[PDB]
Amino acid sequence: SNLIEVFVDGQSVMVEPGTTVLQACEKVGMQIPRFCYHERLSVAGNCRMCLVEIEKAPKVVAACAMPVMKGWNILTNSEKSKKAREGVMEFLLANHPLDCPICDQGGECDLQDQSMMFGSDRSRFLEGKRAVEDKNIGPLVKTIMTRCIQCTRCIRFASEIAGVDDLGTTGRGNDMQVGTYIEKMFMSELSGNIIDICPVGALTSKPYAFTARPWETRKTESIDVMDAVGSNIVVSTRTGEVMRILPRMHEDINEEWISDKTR
Amino acid sequence: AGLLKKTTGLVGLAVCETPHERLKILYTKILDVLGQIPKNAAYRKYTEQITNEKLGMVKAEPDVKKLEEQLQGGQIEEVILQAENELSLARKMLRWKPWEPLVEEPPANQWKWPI
Amino acid sequence: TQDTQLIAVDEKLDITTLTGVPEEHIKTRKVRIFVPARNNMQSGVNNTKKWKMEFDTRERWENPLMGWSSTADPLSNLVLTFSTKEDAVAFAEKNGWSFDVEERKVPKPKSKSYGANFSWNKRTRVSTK
Amino acid sequence: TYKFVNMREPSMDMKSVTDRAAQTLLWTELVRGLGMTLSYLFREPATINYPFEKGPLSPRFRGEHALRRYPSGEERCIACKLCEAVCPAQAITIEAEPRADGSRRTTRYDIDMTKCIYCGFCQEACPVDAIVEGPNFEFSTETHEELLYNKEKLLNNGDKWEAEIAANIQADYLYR
Amino acid sequence: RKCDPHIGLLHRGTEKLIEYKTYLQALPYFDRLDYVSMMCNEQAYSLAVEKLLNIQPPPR
Amino acid sequence: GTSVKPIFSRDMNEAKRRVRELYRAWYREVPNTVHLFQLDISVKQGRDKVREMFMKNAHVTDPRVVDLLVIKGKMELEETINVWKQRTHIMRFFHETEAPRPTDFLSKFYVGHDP
Amino acid sequence: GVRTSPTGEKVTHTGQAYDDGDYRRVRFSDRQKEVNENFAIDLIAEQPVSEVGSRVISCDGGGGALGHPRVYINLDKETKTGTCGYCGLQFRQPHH
Amino acid sequence: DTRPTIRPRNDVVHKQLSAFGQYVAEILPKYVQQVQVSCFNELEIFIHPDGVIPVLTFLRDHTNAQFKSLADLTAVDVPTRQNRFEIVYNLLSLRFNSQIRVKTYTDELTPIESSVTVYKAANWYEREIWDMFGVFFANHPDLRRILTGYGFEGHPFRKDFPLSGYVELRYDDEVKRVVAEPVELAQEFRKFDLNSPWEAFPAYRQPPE
Amino acid sequence: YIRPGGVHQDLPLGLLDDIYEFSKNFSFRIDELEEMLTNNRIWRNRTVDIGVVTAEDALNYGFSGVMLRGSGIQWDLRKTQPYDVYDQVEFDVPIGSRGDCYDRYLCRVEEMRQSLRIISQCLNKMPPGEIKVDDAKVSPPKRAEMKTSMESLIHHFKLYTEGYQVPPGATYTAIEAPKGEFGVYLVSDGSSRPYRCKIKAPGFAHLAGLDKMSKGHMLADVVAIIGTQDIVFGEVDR
Amino acid sequence: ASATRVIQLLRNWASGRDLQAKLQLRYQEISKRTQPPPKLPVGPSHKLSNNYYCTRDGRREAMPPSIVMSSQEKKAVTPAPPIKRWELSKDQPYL
């Protein structure tokens, strides 16, 4: 019908008008690296990792907020696209603290995984790293704000999904401190889910903190019983006991979020 | 040609004292059995190509010492052994007859690694 | 087309008797199948594409000396990989294991936008950027 | 290039055959074996007087493991959890907890000496070079349980061989 | 007349566990494969693995 | 799909034909096996046991599965008479070292939480 | 330091303590229970609190190559002396 | 190499093998379903199950092939394929210093007539492919077990078979004989899921399915 | 030591010197053996004309290395298909011309001397440079770089837990291990772990041919043929 | 080394060679076990100038096998040129 035709790195694929560059990519199976966009959480466009050069382009387009039109070949594996990925990834990693052996995201960190696939193999930094003072927004979630990459995914989640306005990014320039400025307390029934949305170890679950690692924890699929909603969740078991409970993908029941009590 | 070399350097394979004509009569034999297999066959065309051509100088050039580099296949005493192997193949694929299309196409995508 | 003295067998294929999985490990194993669910704090999806052959977890008791996870389930730590599910189900028939499946949770297509974050009447205007 | 190893052309002159007949009749070649072996009889042996003297080793030697600690005294291991992940025998078993201070280390570092391979991957695993193999190799025993190590046993060994391994990694960390 | 070399008195998983150990973890297996030629086995493994990775070691 | 290769047998008749003499051979071998292997079990126990493993798989329908398992069952009787196996390799079939596993529902419930 | 349990049973830094019966303790008699007398928690607590007047301090831990991966811990929380995760040394800063 | 990190490639061998790949293809359009030359100058000849004798006899005695060195025969148990087993021959040519790979799909029941007549090296190299995997080889001198224990049950290399197996031995003082029991481990295999959720190299990606 | 991407570590300083001292004195020790055994009648009569094979059967039996070179077969992996830096060095392959037990023995001792040639050449032509590839995605970063650079730490973390992901495919690589042709055939599924690895054990083919060896020979010669077949059961039994 | 001369003649004469030139064991010739610290080189791509990983992608530059013929006047060729008969040894052809 009205589905506009467009090419991706060659092969053409029709798509609904208004669809952004990403949403056309996975139609063929392309997952462009992203840090600030969640498929069910607004559109940020600040990470710039989704940046992919398009055909004939003099400038690499921000794939998240760019509506595609007729005949726009997505140059996914193109050199300058990977060049943009290389530059932007090392920029995110610039002020990041060397915490991987002590950060719980080790083994399941998006910043960790993508740097293996879409990343360099050595450093060009010769200066001192930025250090952000830690915060405290609950005994259920830890805050290590130096590991933050300011993807703003937490503040959007609170604003719409959690329905509470208590998170934001105070400061200017490199002093992009994301938090509550004043001392506040992030009590919402969906508060525990900001751990999952964060791509880095910026927020982690205190109860699970320093108890297990992603590779060793066996996963099992079960249901939530703490509420009549009956949310589909995956249970982490290792050495014969349970450590952490993660929400599953079920658009009808829980989407990908669960209540604090269930987590 | 020249003096009959004592050993071939490969135990089990001996030295044939009349090698040039044995290679001749072998090469005709494979040409002979290749008569049975019809013309459109590719195997026939391939070996009808290297038989007569390799039968050429062995008929013309009689010096087996020069015949070494004419065939670039090592010593003549095992070239005839290889010629026998080609004769064995001619007998063998006169049964095989692989000129028909595939017996079976591969069931679905049994190929296409990775899974 | 395969004429080597053809036979036809309509019996559903099974190999359980010659494979030799023991009698208490063939009928007492409720083998379930799903597409692996993506870890929810990993945006990458290069795990929700295959099928698996997981089993049901059995008793796991701590070793008396040093607190191991000593387990007598030989079949516990085996997961297979299947491209589609009809090949995955075929494996269940030939080995005759207990059966249940789970359909792929395909992503419903979320109509994203950026101008919605700055609206004039709709509340989709974001409160922070 | 290549060369033959058994092409022998025994000259059939009256000279050489006499030598060949001399070889067979008078056991000349066998006498060489006697004179050959007699030569080392009158030579010194190279038998190290163990345990009054040991074998020569190197600073990179891998032996009994021992968890080390900082000059302050705090343990190096930080629940890094890399060591068992890269260990190809799964001898390492480590579980961490919260700690009272917040420097949440592990309660368990049981490595089974009857499972480990002395791979060398252990020191390469943890960035804080917590677990290393000490140069000791005489940690033999009589009951299989003692070979099963535990967090206390390694840390005790770290406090024992601390004088040795500290100098070993001192003279070898540049290579690593 | 005939001799049957009944092998198996040292048969181990080897290849079976290699399916479950990573490439780095699988490397010590070859050292214990032809246990008299230690370094030569790893030569085969490293040459094979780097061939798949299309990566050649430095001349040193 | 239905059409398939008869690895040795067209029909279960010749499959059941195959099991017969192998059953005859396995019943003939029992007195000598126990004799030279120096066991304590009785000849009838071997017979009623050789009975046993013939039955737990006496329910297949594909003549490939039965006759492939025939060569499988073929593959121990010679492995016995040429004293290749040890004493521990045929008392293994006489599983005796274990406690008798529980049969009633109550007994499993008492032992543990495992069907 | 090290404490003593009711059964003697010198407790470890983790806090393991066999109970009254706890039949597993039979392996302990006629032998000795290995205890590391040096406890990690109380040999870092008494260590002097470093006084460095800066907002950001590297924490390589001595012998940068031979120490631990260098961190850039922040020193602004005047309530709590900022300490390296790996090192455990407590770095405090004098009066901003 | 300008880029010493990556391994240099040999194109000259690449089409030369590709030329030989088509070569054998035209002789046997009945058997050769698929020919593939990989990036690292390795050629693969995909053949039909009943081609073990013909193509191997072709490769062994041809004037332009002379592949008489049987390197190894291996199976690749792929559950997701209706033909789980994949018998893989490797051939080596002394005269042309090249290597040949041929693969045949096969089910559990479907047999493969033995290649002992072509290469007598395969005599011992089938007694374990029957052991480890369970693919039976027809008209073969002997199929005896030479890797698995005497009277061991199953085919361990099959991926439905556990790494720990099912039987564990122990000497029993009751009967003065080492006997087998169901396996119970001191510690279970702590499996690790190391497959990163983010996509690897996009070259070998499967098409949208 | 031999890891994908090079070697794990660099040699300790002066190690080339000590091995050079060993290399100088070792040729004497080889002369020691040849003096002891080569001309001794008892050794020859227990070894000469024993376990002989023809070239064709030896090649068809899947044999490799000395098992072929002893029977006069003109083949060697280092020369025909030079892997690594074996092309930039010359060595004389000791091809025998009898195929019996004795020919292989002389073939081995000459291979000892020809091995000593390789030590001498690589010693005088040892180049400088790094010990592993300059790619952290397959080679762990240097310990010094580990503790100062983030990308080193990430790559070190993911390499020691997940490991490098190898592109999918199949490869049977071949090297001339002093036993024979020790080849490893592995299939990569595209993950960070191997999918299936089959190893070409030279002893396997050789032990397979042990039947044809023992035909027409003494029982006290089955030990002799077993000895020269360079069989170690860790290799033949996988 | 310790060994007096009269013993040395006995060893030398019995073995038919001089042995004090080179001995099985070791002596002062070995390098001391406290060698100075090394200064290992840096990688070829260690430069902080243009060094983008977009250039070196050994793992990523790999390509699935090339399709040449699929089920779904001619010349005769060989997979490689036939081997060349190598000449005898120049140093010592006949041992």
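Each chain carries a letter (A, B, C, D, E, F, G, H, I and J) given by its place in the written order, and its residues are counted from 1.
FYI, contacts are C-beta pairs under 8 Å (C-beta built on N, C-alpha and C of every residue); 3 or more make two chains touch, one makes a residue touch a chain.
Ranking C-D and D-J by contacting C-beta pairs places D-J first. Taking the mean of each chain's C-alpha atoms as its centre, the chain lying closest to the overall protein C-alpha centroid is E.
Chain centres here are Cα averages; for subunit A and subunit B they lie 66 Å apart. As a whole-number value, the distance joining the C-alpha centres of subunit C and subunit F reads 34 Å. Remark: subunit A and subunit J have CA centroids separated by 49 Å (rounded to whole angstrom). Of all residues in subunit B, those touching 2 or more other chains are 42, 46, 50, 73-74, 102-106, 114-115, listed in ascending order. Each of the following residues of subunit A touches two or more other chains: 31, 98, 101-102, 106, 110, 113-114, 116, 119-122, 213-216, 219, 239.
Across the assembly, subunit C contributes 2, 4, 15, 18, 38-39, 42-46, 60, 65, 68-69, 81-83 as residues in contact with two or more other chains.
Contact residues on subunit H toward subunit B in their complex (touch as defined above): 23, 26-31, 33-34, 46, 48, 50, 54, 57-58, 60-64, 66, 78, 80-83, 95, 105, 204, 206. Only residues 60, 64-65, 67-70 of subunit G touch subunit I when the two sit together in their complex. The touching residues of subunit D, counted against subunit A in their complex, run 78-82, 84-85, 95-98, 104, 126-128. Those residues of subunit I whose C-beta lies close enough to touch subunit G in the complex are 143-144, 146-148, 153.
Of all residues in subunit J, those touching subunit A in their complex are 43, 45-46, 48, 51-54.
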